[PDB]
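S.K.: following this: a sequence and the matching experimental structure.
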Amino acid sequence: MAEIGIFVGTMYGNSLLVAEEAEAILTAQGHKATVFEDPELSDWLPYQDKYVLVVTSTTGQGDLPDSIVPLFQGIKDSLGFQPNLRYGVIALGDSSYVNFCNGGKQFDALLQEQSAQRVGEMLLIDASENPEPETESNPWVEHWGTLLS
């Protein structure tokens, strides 16, 4: 039984879902998963020797929302070296933008800029084709969840 911190990062603060889905799927599979709203790096530091999940929409023109900015910067500057870390990730947005789902791909690069590891391959949701992100990310968490312990 592993421990998964799920850290949510979207420009709209209301009506979030896929984080609570991901927590619940990973819990249903048998792993101790938990959601963090308005993410602190003081809440990510507990998972340096554990697993983590990044759930983040609103990539826009290739940028992060202010809800997950301080986490992103806090990993790259306040962690800066990582001994045993692994994580998974679910990016979302509109593929009409050049860089589609770069908000979660930035989080992947972050761990690789230090020394940290990856679990499965990330989800990328296109709202232009699927405005129901739980229909994509839920079975993704149900597949990716099999990578945990």
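M.R.: Yes, it's here. Numbers count the residues shown, from 1 in each chain.
S.K.: C-alpha from now on. contacts and neighbour counts both.
M.R.: Noted.
S.K.: ranges for the strands of the chain?
M.R.: Under the criterion DSSP state E, the chain contains strands at 3-9, 32-36, 51-56, 88-93, 123-126.
S.K.: want to throw those strands into CSV with distance to residue 107?
M.R.: Shown next, in CSV, are the strands of the chain (distance: least, Cα to Cα, whole Å):
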stretch, distance to residue 107
strand 3-9, 11
strand 32-36, 16
strand 51-56, 8
strand 88-93, 8
strand 123-126, 13
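S.K.: grab the nearest non-local neighbour of the residue located most distally from the centre of the chain.
M.R.: The C-alpha centroid of the chain is most remote from residue 96, which lies 21.6 Å away (Cα atoms, centre = their mean). Excluding the flanking residues, the one nearest residue 96 by Cα to Cα, 6 or more residues apart in numbering is residue 128, at 7.3 Å.
S.K.: for residue 30, see how far away that neighbour is.
M.R.: According to Cα to Cα, to the nearest Å, residue 128 and residue 30 sit 33 Å apart.
S.K.: what's the burial count for the residue nearest to residue 96?
M.R.: For residue 128, the count of nearby residues is 10 (other Cα atoms under 10 Å).
S.K.: could you do the one 5 residues further on as well?
M.R.: Residues within reach of residue 133, counting by other Cα under 10 Å, total 17.
S.K.: try residue 130
M.R.: The burial count for residue 130: 13, using other Cα under 10 Å.
S.K.: and it, backbone torsions?
M.R.: Main-chain dihedrals, residue 130, degrees, to the nearest 10: phi -140, psi 90.
S.K.: please tell me how far it sits from residue 57.
M.R.: 13 Å.
S.K.: and if you look at residue 134?
M.R.: Residue 134 is 12 Å from residue 57, by Cα to Cα.
S.K.: same question for residue 142.
M.R.: Counting by Cα to Cα, the gap from residue 142 to residue 57 is 19 Å.
S.K.: again, but for residue 27
M.R.: Per Cα to Cα, residue 27 is found 22 Å from residue 57.
S.K.: the two: which is more packed in?
M.R.: Using other Cα under 10 Å, the more surrounded residue of residue 27 and residue 57 is residue 57, with 27 against 18.
S.K.: fine, thanks again, bye for now.
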